[PDB]
Each structure stands twice: as C-alpha cells, then as structure tokens.
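Here is the structure we will look at, set down as structure tokens.
Atom set for the values below is all heavy atoms of this structure, side chains included, hydrogens, waters and symmetry mates excluded. Lettering of chains follows the sequences in order, A, B, ..., and the numbering in each one begins at 1.
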Amino acid sequence: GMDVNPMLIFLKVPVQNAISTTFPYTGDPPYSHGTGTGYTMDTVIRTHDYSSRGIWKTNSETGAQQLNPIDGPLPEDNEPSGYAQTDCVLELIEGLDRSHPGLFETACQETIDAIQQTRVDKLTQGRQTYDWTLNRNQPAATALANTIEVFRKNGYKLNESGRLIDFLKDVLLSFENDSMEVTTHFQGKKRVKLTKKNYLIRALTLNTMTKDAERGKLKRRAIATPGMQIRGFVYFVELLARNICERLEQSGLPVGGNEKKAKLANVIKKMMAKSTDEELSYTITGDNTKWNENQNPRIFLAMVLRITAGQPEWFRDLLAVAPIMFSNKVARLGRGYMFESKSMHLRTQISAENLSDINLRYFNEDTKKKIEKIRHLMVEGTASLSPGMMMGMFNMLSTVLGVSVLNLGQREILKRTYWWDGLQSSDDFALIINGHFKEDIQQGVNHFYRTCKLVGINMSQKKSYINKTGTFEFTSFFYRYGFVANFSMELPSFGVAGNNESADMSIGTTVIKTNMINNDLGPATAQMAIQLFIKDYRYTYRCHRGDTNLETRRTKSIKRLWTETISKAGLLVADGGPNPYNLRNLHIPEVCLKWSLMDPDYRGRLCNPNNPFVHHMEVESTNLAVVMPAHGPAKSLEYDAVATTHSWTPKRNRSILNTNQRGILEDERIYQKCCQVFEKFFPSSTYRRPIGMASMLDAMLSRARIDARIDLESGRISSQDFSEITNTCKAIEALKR
Amino acid sequence: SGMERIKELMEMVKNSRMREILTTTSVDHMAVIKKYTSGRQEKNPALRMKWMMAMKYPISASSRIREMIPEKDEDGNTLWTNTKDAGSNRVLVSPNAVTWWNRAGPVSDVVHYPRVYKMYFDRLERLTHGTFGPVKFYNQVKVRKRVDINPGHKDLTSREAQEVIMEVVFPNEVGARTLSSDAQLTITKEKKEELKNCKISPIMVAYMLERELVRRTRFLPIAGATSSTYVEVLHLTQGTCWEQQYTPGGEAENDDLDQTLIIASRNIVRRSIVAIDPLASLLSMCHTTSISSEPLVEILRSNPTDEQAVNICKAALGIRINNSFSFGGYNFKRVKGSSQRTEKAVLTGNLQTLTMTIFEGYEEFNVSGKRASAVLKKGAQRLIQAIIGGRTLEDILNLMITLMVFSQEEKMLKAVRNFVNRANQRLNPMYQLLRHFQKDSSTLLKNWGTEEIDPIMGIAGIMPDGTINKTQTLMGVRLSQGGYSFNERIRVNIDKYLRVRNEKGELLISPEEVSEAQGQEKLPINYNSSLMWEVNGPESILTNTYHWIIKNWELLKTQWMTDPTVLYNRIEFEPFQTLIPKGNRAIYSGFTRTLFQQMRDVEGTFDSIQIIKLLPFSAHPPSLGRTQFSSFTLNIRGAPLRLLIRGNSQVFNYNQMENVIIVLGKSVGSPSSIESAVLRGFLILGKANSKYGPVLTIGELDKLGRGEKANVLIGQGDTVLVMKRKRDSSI
Amino acid sequence: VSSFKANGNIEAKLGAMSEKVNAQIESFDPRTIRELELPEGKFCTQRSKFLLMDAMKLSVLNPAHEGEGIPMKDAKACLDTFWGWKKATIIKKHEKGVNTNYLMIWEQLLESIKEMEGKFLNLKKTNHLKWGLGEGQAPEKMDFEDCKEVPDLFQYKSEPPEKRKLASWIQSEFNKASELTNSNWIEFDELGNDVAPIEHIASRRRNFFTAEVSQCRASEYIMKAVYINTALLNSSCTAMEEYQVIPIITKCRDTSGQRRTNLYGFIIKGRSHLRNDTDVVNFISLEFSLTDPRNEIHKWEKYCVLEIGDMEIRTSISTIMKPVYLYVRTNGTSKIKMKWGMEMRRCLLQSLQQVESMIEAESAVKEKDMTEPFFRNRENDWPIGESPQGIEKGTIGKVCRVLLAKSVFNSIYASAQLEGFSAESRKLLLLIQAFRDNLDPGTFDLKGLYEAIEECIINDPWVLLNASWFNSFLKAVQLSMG
RNA sequence: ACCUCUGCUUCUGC
RNA sequence: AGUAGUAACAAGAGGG
Ligand SMILES: CN1CN([C@@H]2O[C@H](COP(=O)(O)OP(=O)(O)OP(=O)(O)O)[C@@H](O)[C@H]2O)c2nc(N)[nH]c(=O)c21
Ligand SMILES: [Mg+2]
C-alpha cells in the first residue's frame, strides 16, 4: 500500500534544484469574472486606512476630500503605514547625491535634452488609456488623437509645433477653460459642455479594472490606467529616474533577467570582499506589503524637487507636474454591479456612478459597508484618492527611494556594529546585513526596517525571511551559491503564439533555443519540445503534412500542393511540408533552411512581394510580436523570418459595429487611406517618421512635381505623362480652392 | 512613372473629408493619425488564433485579392469574400486562399532574396560548412557577459546606419546631412549595387539592412569563445554538463584572432612562470596549442601583433619582434628611459574615484601610424612635449588627442564631462578616457592651456582649436615633420625565466610586465597540454583542481600521510598557484604545511575536508611566518575571493544535506571537538568559555603560553576555546 | 527642499518611534513547527471534465471500416464491438438534478446515433436535453429603472466557496496516474535527422524518456484532454446554436505495435455563444465505467449513473456478467480552460526537463553521460512515496512518471487555490531547505505565513492532497532529524 | 414568431 | 441543474 508523494523528492534533492516542480504553470491561471468595482473600492478604503491618522482637506478646484499622512504621527505598530516623513526622505536622497557626485546633474541634463527632442507622437506608445473625451478606455494613439482634436477645437494648439513639451503646455493651459466642449453620440451626435470642474476631474482620473491571469495568488486585485493629461509628464519623470537607476548598482531596474542576475552576483561579491572574515552575513529575501497603497505623491514631489536641485526652474516645475497630478487624482469605480431576481428570473446592470445614491438594500453586507465608506470620497462619479499610488507608474522613482535606504547602510555612514547593502526592484528587494554577532544582525535589520517605515516602505513580515548569505530568492530567481534555473516559469511560452504562420514558426524554435541557453532546457527535452510544437502548430493552423488523412477545411488544397510538388522537403510546414528542425538549426529561419530544396515556382509564389496577404506597416514594428510572460508585463519579441504569404494578419473584432462608436471605423479607414497614398510619395516614411509643418497634401503635390521632372529628364517618363501629372497636380491645386 | 498615384490622389481630394484631412494634417501630425485605431493589441493571441482558425474566414487580405485569385477553388472552397475587415478596405478570406496562391498564384523571381536576407542566409552557410568535434562532459561555470550576437555587422552606430540606409533605399529623402565616413560611402556603393532593381518591400530591405549593419549585443551565460559566430550556436555547443566541440564554416575576423592570440599568449606566460623551467614549459605549450585548430606556432610566425606576452612567445620561438605595443590604433616604441606601474585613485572631471594604474618615470616615445607620427615625451602623468606629423591636419588630430589621453595628466583627468557598465563590470579606463575625448575635445583643449613657442622657424603649433599658429601652441604640443626603421623586427634572445634581451644583452621584456588581466577568448583555444586543464578559465582552475583532488583522494591521502612533500610539489597544483597573489604564495604554503603537520602530530584530529580545501595552497616553497590567516585570497577575473581557513565560504563549502563539496556553486563530488589545522601553534577545543577570560582577536593570541586556553573570535561570528600547544610542529 | 540640509533627521525620528515598530526575527526550526491545517466540511468530490481511473473503453484493433478517422464513424465501430446492451436504469442519483432527464438524454443519444447519416450529429432540442444543457437558464436582462422595485432584486451571491475536506479517492487517482499501462499513448511528429554528436546523445536519452512516459496512464489523460478540448473549442466556435455530439476518442498502439481506436463515451455540447474568455459552454458527458459508484458516492456527487448493459468475463472455467455503468453529468468549460487543455502536452516538458537536469547534474561530476546507467541500473535512488512501513524509493523511470502525473494533475485541477497554495508553501519549503543547509533561518511572521498558505486550502481535491503531501514531507524531514 | 448584427471592444495599467 | 467563486456565465444587442 504505497502512496506516491512527489514532495518526498525534496528529502534528497535541494529545494532550489527541483524548484520547477513547485510552479503549476501547465494549467490555466485565475481570471476575474464580472466587475472590478469591489476590488477598486477595497483598495481605495485600504489606502485611506493606512493613512487615516493624517489631515483631511477639501480641494479648492475639485471639491475632493484629500487625506495627507505626510509628516503625520509616526507609525505605532507593524501594520502598513503611509506616514512617510519629508525630512527623512530628503536625508536619504541627499545621502544618495553625496554617494554619486554629479549623477543627479547628468541625469537631469539628459532629461532636458530629451524634453527638447521629444515629439508628440511618443505618446502613441502605450496600451489601454483612459480617454477623458469619451469617459472610456482607448488605445494610446487614439486617446492622444482625441485629446489633440478636442484641444484644438477649444483653442489649445501649441502642440501644432509637433513637440511633446508644447502639448504639455496645452494640457496645463486647458485647465483654465471655463467650459471644455466635447461631443457625445446620444442613445447621432451632440455637443456637451463640461464645467471647469467636470473637465479637471476627468483630467485627473484613473480608470480601474481587475488584473486577470496573475499567478501565485488566491484573490484578484484591481489595477488602474491614467489618461492623456498625465501620461506625458509621467514619461519625463520616469526618464529622469531611469537615467539615475541605470547608474545605481543596487537597482534591479531597468536591466532584464541575465543582467539582473549578473548585478545580484556582483553585489554579493562586492559585499563579501568588503567584509572582514569575522563578520556574519545574512540575506533577507524581501517583499514590500502594500507598496502601491503606501507610497505618496507628496513624497515623490519632494524627491523630484531635491533631485533637480540647482536646475532651471522651468524643468523642475515640468517634472513636478506628475506628482502634483497624482496628489489630486481620482479613481473611476469600474463597471458597477449586476443584480438578479430569483422570483422574477431577471438580471440588471447598475453603474459605479449609481453607487452615490442607489438604495443600499440590494447589496450584501460587505459591499454595503464599502459603499458607505466610499460615499464621503465620491465626486462626480469618482472616488477621491490623494494618498497612495494605485496606478504605480513611478517604478523607477520608487526604486530610487528603496535604493536610497540601501545606500544608508554603508559602514562609514552608520558607524554601528552592523552594516548593509543589497538590490532593489520596486517592491522586491534582497538585503545583505553583516555584523560581528547575531544581535548586531537583528539590530541592523530593525534599523533598516524602521528607516523604511519612516519613508512609507512597509516590509511584508509574512512574505519575507532571513538566512545566512548563500541562498536567497529575488523575483522568482533562485540562488543557491549561484543562480539556478527555473524552467517552469517559462512553460506558458511553449506553444503556438498566435501571430501568424510565419511568425509563429520562428517564435516557437527561438523559444526552445533561448531556454536551452538560459533556463537549462536539456537537449533531449528540447528535441521533444520541437516535436510537440510542430504538432500544435499543425493542428492550430490545419497544416498537417500533405501525406496525411486528417479532414479539415484545408486538407484538400494542401494535398493538391503536395501531389503537385516535386521537392516535398522544400515545402514549409504551413504548406503541408515536413519538419526540418533539430537542435543544431533552431536559429535558422524556416524559409532559409528549405530555400535550396524548394521547387522554384513554389518559392516564387511563396515569396512573391506582390502578394495580398502580408501587412507591412513600419520598419520599427517589423518582425515584432507581443508576448505575455507568466509573470510581469507584456513584452516585445523580436523574431527572424522572411516575409511571405504566411505573414498574414488575422481579422479584427467587429463588436463595435453594434455600438455608438461604430463611426470610428470609418474615420480609421479614411486616415489609413490618406497615410497609404502619402507613403506612395514618401516611401522613407515607413522607416523614419517624416517631419514637417506642411500639410500632407502640399507635401505630396511638391513631391509629384519634382518626381515627374526628374522622371522626364532621366528618360523614365514621356512628355505626355509629364503633362498629365503636372496637370493633375494643378487640378488638385484648384480643387483645393 | 508616378502616374497612378497622382490619379488616386486626385480621386481622394474630390472627397471633402479626405481633402480636409489632407489639408489640415501636418506631416508631423500624420504620425498620430496613422496609429488612430479602434483595434486593440490582442491580450491573449494564442487563444484568439485557436478560436479564429476554426472559422471560415479568419484572415484579412487586400481587396485586390479579389481580382488576383478565383472566388472558389477546384474543390468548391470559397477563397475570399467581400466582407470588409473592421476599420479597413481589406477583405475576409480563407486560409485556402494562402495555399491556392502558393500552388497556383503568380510566380516571382527571387534573385534579391539571398542578398536582402543575407544576415539570415549567412547563418545557414556557417552551419552547412561547420565541423563537429566530440561531446565532452564536465561542470563549467558559465559567466553572464554582454556579447555580440550578429556576425557580419559593420560596427556602425544607429545614427550612421540610418544615414546609410537612407542613402541606399531612399536617397532623395535624405535631407541636408550627407555621409562623412569612407566606411559609410563604400558600404553605400556596395549595397546600392547588390540591391539595384530590387522589388522586395523597402520596409524589409531597410529592416534587414538595419539588423545587419548595427552591432547588437546580449547578456548570456557563456563559458567558451565569445565571438558572434560562436554565440550564434551557443544552444548547440554548450549545455549544463556538456560541450559540443564545433567550428563554424567561414573565416574568423583578424580582430578576433588577434585578441585570442593575446589571451593565449598571456595564459601561457602566466602558467609558465610558476613552473620549474618557465621557458621549457612555455615552448611546450606554444608547440601544442591551437586556435580554431590552427597551430599557435604558425599564428605567431605570421601575425603582426606586438604585445608583451605575444613577444615573449615569439622570442622563445626565434621569431623576430617589433618591441612595441599598440594603443588607440597607433604603434608605440619607447626610445629612452622607463617607468613604473602604480595603483592609485583618481578624481576625474565627472567627480569620480576610479583607481586604475599609472605610469611613473621618464619615457621617450616614437609613435608610428596610419597617416601620422609623433615624438611624445612622458614623465609621471606628464606630456613633456608631443611633436606630431602627418599627411592631413586631420591625421595629426586623432593622434594629437590620443597622446593627451595617453599622458595620464591631471588636466585630462579633471576635464571629463562612470567606470563600470550597468552590470557593474569594470571597464577599460585609459581606453574610455580616449573614447570620450574623441567626440568632444572642447573641454580638454581649453583646459590644457597654450604656449608661446619661439620663432625657431620650423616648429609650428596647434591651438585650443585645431587652428595652426605661428609662435603659439598648446601646452607642449608641436607641429613638425619627420618620424620604415620603426617597423624593423629585431632578433632577440630569451632566458630560462622569460626575460627578453636584444643581441646586445639589453632587457626588452620581463614576464612581470605582462598584463594581469584575465580576458575571455573570442575564439576557442586548445592548449592540448599536460600543463593546462582541459577546461579553460580561472573558475575552472578552481573547480577542476578540487574535483581532481576529490576523485584521486585515496592515493592523495596516503601520499599526504607517508610522503607529504612529494604531494605538495605535484604538478597538478601549479595552475591553481596562478590564482594566488604572487606575494602570498610562500606564506600561504608555510601556514598550510604547518597546519597539516599539526594535524599529523595531534592524533585523531584528521579532517579530509580541511585537507582537500587547503591542499593546493601547499604548492610553493614555504616561508617562515608568524602571521595567522583567517582566509586565503584568490584572484578570479580581477576580483578577490577569500577562502576561509575555518569552515565554509562562498568559494568552498561542504553541504551536509547533499554531502557534496560545492566550489563557486558547482558540485565537485565528495570524499572530537578538536581542530588541529586552523591556527598555527594552537588547537581549537570547542565552545568558548567565560570561565577562561574575555574574547581575544586572532592577532592578540600573540602572547599566550603553552597550555594556556583563551576565547577567540575565530571567524564568522563564532567564539571558541583555543589552547596554545605545548610542543611545536616544524616544516 | 532647495535649501534643505540633513542633520540627524532620521536618527531623531527613529528615537521617537515606538519599539512596537520592529522586525524581530524568530529562529526557524522545522522540528518544532506544526503541520498545515486542512479545512473541514463534506468530502471533496470529482471535478475533472472526463473520467480518470474509472474510465472504460470500447475499442477496435487495427480499425479499417469505412471512414477510419471520421470520429462518429470510429465511434459506431467501437459501439458495434459491444453486445451487452439492456434497458437503462438509474442506480446512483444526482441528488440535485432531475434524474429522469439524464436517462432520457442517453436513450435519445443512442437512438440518434443508431439512425444518423452524415459525418456530424446534432441532437434534437428536447425538454430533457434543454434542461441538462441549461437552455434559457440565464435571467432575462432588463434596465434597472424597469426592475429597481422588485423586492428580491439582489447582488449576485459573492461569498467564499463552500469548504470540503480530503477524501482518499484523490490520492488513489494520483497513484494510478503515475503507473505504466500496456498502451503507448503519445505519438510524436518527426525531427530533422541527427547530425551533431549531441543530437545523437539527445535522441538516445529522448527514447528512454518516451519509453517511461508514453505508456504512463497520465499520458492517456493528456490525450483525452487534448482531444476533448480541441473538439469542444472547434465545435463551440462553428456550431453555436447546435447540440453537437462529440465522441470521446483516443488512439494508442500496443506494445505488440498494433493500432487501436478507443471510445470512452460521448459529450453533448450546449449552445456556445462564447464572448468573454471565461464565458461558459454547458455540456453533457456520458462515459462508460465498470466502477460501481454506490461504493464511494461522495466521489460522484454531480453525476447521475445509469446501468446500461453487461460485460461477459470468461476464464472458461467460469463466465460472469459485469454490469456496465454510464456516468452522466452536466458540466461546463470556457475558451480559456479549453485553450489550456489543448496544450496539455506541455506537461511532458515539465517532467522531462527536471529528470534531464538530474541526469545532467550527475553527468557533470562523473564526466560522462549517465543516461543509460540511470535508466538501466535500477537502484531505488529517489524517495517518491510512502507505505505503512515508511518512505519508499523509486527509479528515475518512476520519478519521470510521478512528475508527469503531478504536472498533468496541475492542469486538470488548475485553480486559484492551487496558485496561492503553491506560492506560499514554497516559502515554507525554502525555509526548511535553509535549515538543512545550516543557514540559520529566521521568520518575521511565521503565523501569518501559515494563514497565507492555509486560506488557499478550501475545497479543491488536488489542493487538499498537495497540502497533505506537504505535511507528510514535513513529518519525514522531522523524523530524519531529531 | 420572425429578421439582422456580434463572439477580446462600456472591462486588461505600468 | 451546471460551470464556477468574492462575480459572473447559464447568449447579447437591434429591428419588427
Ligand atoms: C597609457 N599607457 C599605455 N601603455 C602600455 O600600452 C599597453 C596597452 O594599453 P591598454 O589599452 O591599457 O591595453 P592592455 O593594458 O593590454 O589592456 P588589458 O591589460 O586590460 O587587457 C599597456 O598595457 C601599457 O603597457 C603605457 N606604457 C607606458 N610606458 N606609459 C603609459 O602611459 C602607457
Ligand atoms: Mg508587493
């Protein structure tokens, strides 16, 4: 009667060396269903509770109730606290300035240069963005377009320069307007005038939603998305902080996996060298609890002013904007709630805005208590949220704060029987504390921990632990006298990526290859991963080998291609061909690998540049996929592939056809039309964005004229063309009139 | 032509909306509206594709597909529809359309494909003509380094590649700025020629040209050769416990070969200095070593590299040497005098401590060059005076700057406007101070000074400018002419200890001058030698030595008991000696052998782990010493690691739970309260005792007496009861 | 801020801050810590989408018949191998269902199969089938203004899950999952030819791997999952209004080498207008078994089990009639669950990567490939189980199958309970490791860590088993220490 | 009872 | 009923 228990393997195998078995990433991760309104309310409440002993004010412009815990009473227990102290923060930042002579000045000068150079279109980069013009989320570029358009209609157009800073100027100046005008589509189109207050509340709004597909957690949590007014200001603050973090050896940001690992190793090595043989050394595997909910905009305002000391006032004030806006932020409360009647078999949606005055009879006890606490914070359908940093976004700048505490631990500063150093990456850290005896270690850990509390950093006492230096964890990297592999973290990336036939083949082989190099994917398993990938690709894309008797919508066409091909080894897998891959050729694009084996006609069709399937847009987004790792944010992935008829694009979602927002599809179609024809005059604009104040039309007319002339006096074109063009140009010229 | 595009435009401008857009959207603002979309980045593309590939028409294609292929195929499949994709004029089509086209569509010619996609096709060529050696199994530390990932680049910056690609693919859209460099121009010519008449999308051409032209890098765990042609196949050549010997097809860069030759020569020199007969040992290794299966001897015969270690090897082999070194692409030959290496700290203009070596002494330097030459004088961080000549004023510029940098003066130190990369890896100091003052002399020249040179109607001058002046110049800078016999290779001789002298008997090179920097070869070095571990590298010296001890432990143990001094002198421990600082080898040996004798003397206090740990440190004629050691320093890649005498360290620890010795994180297998081999002339008895007085440091055990037991802070926070032994152990 | 200069600011406030603000370290000794507490309640019940150990197949050796490959044609050929049919009766009630409806669905299905022509089968929307598939069960949607006054209008039930406690069946299923069958379940697609020596080395190791894994019962489930989820996603997408029948098929090969098609039962897909990735498709599963549920009813709470026939067993000194049951169930899944089920082959990679890393680590120190030694010199060198005597050890082959089964069960029983349990218990594992490495581990709030683990153990059978396994590990480690 | 549209689009940040 | 699990699905929207 033997019962199998896979955990018993750890009797013999050190946990880190079989750590892969503790990561269940072959199953579907948890998803939220329905509203995030409950989590949002939760967060708003918690953030206020942790700062509750501060001062309340009513904001003159928004009327929002605003809690200020800064320089409040000192923490009295180990609960998460927001009572950060300005003078303590400034001491740490000054200590960091001292430790890095000239670093702040340089990082500032690089930011000034960037401010001058940065184009409005930088803001086209980003994901879902709250769009105050629609009071809805939109893609970043669309949100940018909408803000620009509504601005110009209301008389703000410094951004016509094309420089980002001029758009920022427009943003601040927009807040003076008596009555910002937008247009709704009634449930059609209609002019709406926002009160100065309405507009300002929208400008300061974070949209909120719940985070799906996060691993390692029983319960769901809320996240937030800021709008366009703040985004450009955040851009520059974080650029400044990034410039600094890059020169901090204790910063985990912004370096990636291998480099993060190198830097951790370095810091152990550094530390160990700097210690004496008689010192103990311990490592805290450290997590901060309620990071987002306990950092404070007012503190980041202090950090920015201090970091930029001595700099031009225009730049300082520019950088200070983001913190100020965050101090004055509000959260949208989400989609609301669904209600149901058993007796009457019906169900209904209420809005988050409804929560201001809806009868409370409909709600469970928990939710009703939430609404009651939230009500005092509500303003024009939003909840005031002065404390905290719900949306995050100051990753780099909060990292600077954490590092500043690490930097305090130098022996010449402390002059104690202990000292410390380590690495910081947002709300993960590793702390290395040294001293002569265990009681020095405890004291040093208390010093570090209490200092953290004085600046609103709260070490999770449940998630953190301590041991003698030698082993530790940091962001699911496991160190046992050197980093070990964690193959299971990467398991979700083994599959068909779902970009297209061409991209997916290259992504699939590259994933195997990078895991062989980086995550100790053994060669036997790597071979099996090829076989399993090929099978999944064939089933997904219905591109089973041409000699197989599976029935799909594709099989008859692929069989013809098969029977008509001489060199079958030349056929791409997506064309019913065999798999050519083994370990040695994983880095070779399929098309290259089979090039010499292809029937010339097949190759010639496959690679016909005239084909109507490939969708090229821009050099800078070519051969790029977005992948979502198991942990952390979505990432651009470069792949190597020859553009062929397999480099196609799946269809767009069509749900918008049934909505008020369906007009947008037509506007999109027009703009693309305009941009495509523009590119026929200026091919180079798919590589490097063109610059100019000239209209698109004037630019194209001047190009056509000069091109027709050189065409003529090169021989390429006849006179009875050169006439037709220059004539057509003059008609366009007049029709423009 | 330009015929149909203008007709289209005409057409569009007839429409009022489009005319408004085209007239009121600047070129700048086009960047915004180009990305205007209702479509969002798919958050779960894997799921979505699985869902959509079940559908009849999941693919979106240009509407012109409808005139290009049949609506239905021979089998009745609809291939396209007229449904517009949301937000465009593309239409919804079946995957059957893709296959149709691939069997029955318009055939194109593919002459440009190999050329446009050369970066990719080259990979296949290198593999098709690669050669496989065998697989070996061993544990090797793979250290994470930034490495090159794309062979065949042109080492352009992103600016210079952009400029080149604009000239090649879109010449009329270049704008004002056109190409400086001759490198840019010659690339432009070639590419223009190779890609003329090319009908592949200029998007792909530009994308490929950019990938191919710019040196790109990546941070990777890499144990062997770091050249890009090796990085490219790292997945194939390197595993956790194995190496697949392999040689890519095609030629190595001369730069990679030169770099590897220097690394090989240094390794050979450093290994040889610790042998009883250095010259014999160096010659042996020279004669067995190969780089990519080329004999080192042939390389040394035909390679012009002038470097100290390289020149020692050349001397040994009867090859004539140029007694010069290169710095910043210019060959330097010291005429008279000499100087001294000194490690000292330096506050730069950035406000930065950066403590690398200085040269301190009188040194006349003749400096040859591409198009220039000069007669630099140098004291201690001094430019005593540099007279420079060349074809162009330009060629006098490069070298002008190089020489101010090379001087090490305070006026260039306190004139810069970090010392590590982001991974916090130390960088080349007296090469980076050049790189900086390269693209920005400005501060240097206006912080250098000037001088009022006499009429002496011959010696011109250069100003804080680049300008030429009559009887002024920079501080110690001149512009004259002069400078065949600089390049002449001389016959030298070399003694048993690697000292190189000319035929007149004058000392040219000594092994101690050889740079101590432990680099990483770009190409594979095989020493093929009994004097070198099969697995290269300093980390591997550590793991291999301890692995070897452990696996031979039965023999080595009885040798330890019966015949110590033969064990100490074994040749397998000589590589390890190269990791021990020269100045510590003897004292460390003395300490170790004494501890081992105490272990022998005090019976029943045997400890195999302690013996294994300390054994390599025995391998040097011992010196007498009072000093007690709590650790021994090893130098691994420029960084001291300390191995603790008592118990476990990060470098060497025994793990009870696995029952293995772990060395720099790698298992190398496994083999009373009284500790006999930790302090010389003391025993550790066990836990400290307050009933034997207060706690002394180690360096205060000084004045105890036979039998007299103390409490000691012995290491890593422990306090123990020691006793000064009654008898002694001698060596 | 511009004029600020620091002067003891941190030191002053540290000296004003309560000593209750501290990070006191508590020494961590696994010998004096308690086991995890599991929840109490009713016994946990089965929640796989298909039967595991209790499944029964009708199969055809070397299928030839008209339309080999066409699922329904294969299903009829498998059905035709069975002669023991008999009027269906209910023997184990779904207490909360209309047990009559399930009987009638079976009869309807059998009849419709009997009479089908074509390659697909869509069932009539009878009242019994509409009930089973939750037709019309969604409340009618209305504007709030039009129903705000209804007395019982209320927030959707949004409460912690009901707790359930461990039962023995889940460990029993796990044991079976890690066992060898005499069928090869996995057929792999081709590689390019081996050319590099390391490729040849890898293929030898790979063949040992498959020879442990392809015959493992866990691998049968993989193939069941991949087939069921693929067919249900394709059908979900293309036949949204149809009650489509999906036969549950796998194909294997004997150790003799002969092909075999296997029919386990059928699925009836409900309507499938799946929009959000969590949106549910209801389905009915009807699966053959020789297991009598009445012996372990807590395992089968959601099922209605029918008796549908008899199976002749014949040692030709006796012949005995074995009841054939049909396990019938309403169930549901989503696009997100179907997608992951389609990818369950990745479980092979999680197991074999770990096994391979163990072979490689030993190879490094032995300076040679330890594959053949590991797979051939079957010493019991890995603790993988426990009997009443004590810890039992197995070969690397056993390890491969146990790790595969763990991975496969993680996929079948994916949950937020498992996610949080896994992450939090991992810290406790690492603390034990730190003690055994002599690294003097300490905690800041061990009590909090225990609660963080324990709140994740609610009602999921796999999580309850994994919690049990952690405790057994803790006890084993404790026994090996004090 | 019919007809039509929709299957990521009022909800996925850094 | 069932899926699920702190809130949802168990078709939605529009026309007639
Ligand atoms: C600044 N230099 C450079 N140099 C010689 O030129 C050699 C090459 O310069 P380098 O760029 O530092 O290279 P190298 O030292 O080989 O680099 P590494 O040892 O880090 O691999 C030096 O090792 C040194 O012998 C000098 N020699 C003398 N006498 N005086 C000097 O001021 C200088
Ligand atoms: Mg956190």
Would you kindly give the [atom1]-to-[atom2] distance between [X] and [N], to the nearest whole Å?
X      : N      : atom1 : atom2 : answer
C/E301 : E/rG2  : CD    : P     : 8 Å
C/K339 : D/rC8  : NZ    : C1'   : 15 Å
C/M240 : D/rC5  : CE    : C1'   : 13 Å
B/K50  : D/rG7  : NZ    : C1'   : 18 Å
A/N146 : D/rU9  : CG    : P     : 20 Å
A/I223 : D/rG13 : CD1   : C1'   : 5 Å
B/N44  : D/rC8  : CG    : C1'   : 9 Å
A/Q138 : D/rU9  : CD    : P     : 14 Å

[X] vs [N]: side-chain N/O to OP1/OP2 distance below 4.0 Å:
X      : N      : answer
B/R40  : D/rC8  : no
C/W131 : E/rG2  : no
A/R231 : D/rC14 : yes
A/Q128 : D/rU12 : yes

Return the nucleotide paired to D/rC8: Watson-Crick means purine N1 to pyrimidine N3 with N6-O4 or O6-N4, wobble means G-U with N1-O2 and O6-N3, both under 3.5 Å.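 None - no nucleotide pairs with D/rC8, as no candidate has both distances under 3.5 Å.
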Residue matched to E/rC9 through Watson-Crick or wobble contacts both under 3.5 angstrom: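 Its partner is E/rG2 (Watson-Crick or G-U wobble, both distances under 3.5 Å).
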Between C/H273 and C/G132, name the one whose nearest nucleotide on RNA chain E is closer to the 5' end.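 Per heavy-atom nearest nucleotide, the more 5' residue is C/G132.
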Both C/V98 and C/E241 contact RNA chain E. Taking the nearest nucleotide for each, which residue is further toward the 5' end?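 Of the two residues, C/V98 wins.
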Write down the distance separating the [atom1] atoms in [N] and [M], rounded off to the nearest Å.
N      : M      : atom1 : value
E/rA10 : E/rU3  : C1'   : 8 Å
E/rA7  : E/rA13 : P     : 22 Å
D/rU9  : E/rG12 : P     : 15 Å
E/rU6  : D/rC14 : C1'   : 26 Å
E/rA4  : D/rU12 : P     : 25 Å

More than 12 non-hydrogen atoms from neighbouring residues, nucleotides or ligands closer than 6.0 Å to NZ on C/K125, yes or no?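 Buried by this count: over 12 neighbours within 6.0 Å.
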In terms of side-chain heavy atoms of C/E135, which of D/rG13, D/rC8, E/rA11 is nearest?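 The answer is E/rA11, which lies nearest to the side chain.
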Would [X] and [Y] count as a close aromatic pair, with their ring centres under 6.0 Å?
X      : Y      : result
A/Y362 : C/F144 : yes
C/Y102 : C/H94  : yes
A/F326 : A/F394 : yes
C/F266 : C/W106 : no

Measure from the side-chain N and O atoms of A/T40 to the backbone N and O of A/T208, and report whether any donor-acceptor pair falls under 3.5 Å.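 Not a single qualifying donor-acceptor pair exists.
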Are the side chain of C/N282 and the backbone of C/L133 linked by a donor-acceptor contact shorter than 3.5 Å?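 Side chain of C/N282 to backbone of C/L133, a donor-acceptor pair under 3.5 Å: yes, one is there.
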Out of the candidates C/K339, C/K335, C/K337, only one should pair with A/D28 under the salt bridge (charged side-chain N to carboxylate O under 4.0 Å, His left out) rule; please name it.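 Per the salt bridge (charged side-chain N to carboxylate O under 4.0 Å, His left out) rule, the option paired with A/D28 is C/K337, out of C/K339, C/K335, C/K337.
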With syn defined as a glycosidic angle within 90° of 0 and anti as everything else, classify E/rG12.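 Base orientation relative to the sugar is anti.
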Identify whether any heavy atom of [X] sits under 4.0 Å from a base atom; if not, whether one sits that close to sugar-phosphate; answer base, sugar-phosphate or nothing.
X      : answer
A/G126 : sugar-phosphate
A/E340 : base
C/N101 : nothing
B/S38  : base
C/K96  : sugar-phosphate

May I have the step-by-step check of ring pair (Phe, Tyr, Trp, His ring centres under 6.0 Å) for A/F339 and A/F363, ending in yes or no? CA-CA 9 Å; A/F339 300 160; A/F363 297 96; 5.2 Å; yes
Sequence-aligned protein contact record of nucleotides 3-9 of chain E, with B where the base is within under 4.0 Å of a protein heavy atom and S where only the sugar-phosphate is: BSBBBBB
Provide the full list of salt bridge (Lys or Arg N to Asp or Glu O under 4.0 Å) pairs with a residue in residues 33-47 of chain A, sequence neighbours left out, each pair given once.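 Checked against salt bridge (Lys or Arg N to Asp or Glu O under 4.0 Å) - neighbours excluded - the pairs reaching residues 33-47 of chain A are A/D42-A/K370, A/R46-A/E293.
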Are D/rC5 and D/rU4 stacked, with six-ring centres under 5.5 Å and planes under 30°?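 As far as the 5.5 Å and 30° test goes, D/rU4 stacks onto D/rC5.
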Using only heavy-atom distances, decide whether a donor-acceptor pair under 3.5 angstrom links the side-chain of [X] to the base of [N].
X      : N     : result
A/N658 : D/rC5 : yes
A/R654 : D/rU6 : no
C/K335 : D/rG7 : no

Sign of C1'-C2'-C3'-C4' at [N]: does that make it north or south?
N      : result
D/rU4  : north
E/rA13 : north
E/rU6  : south

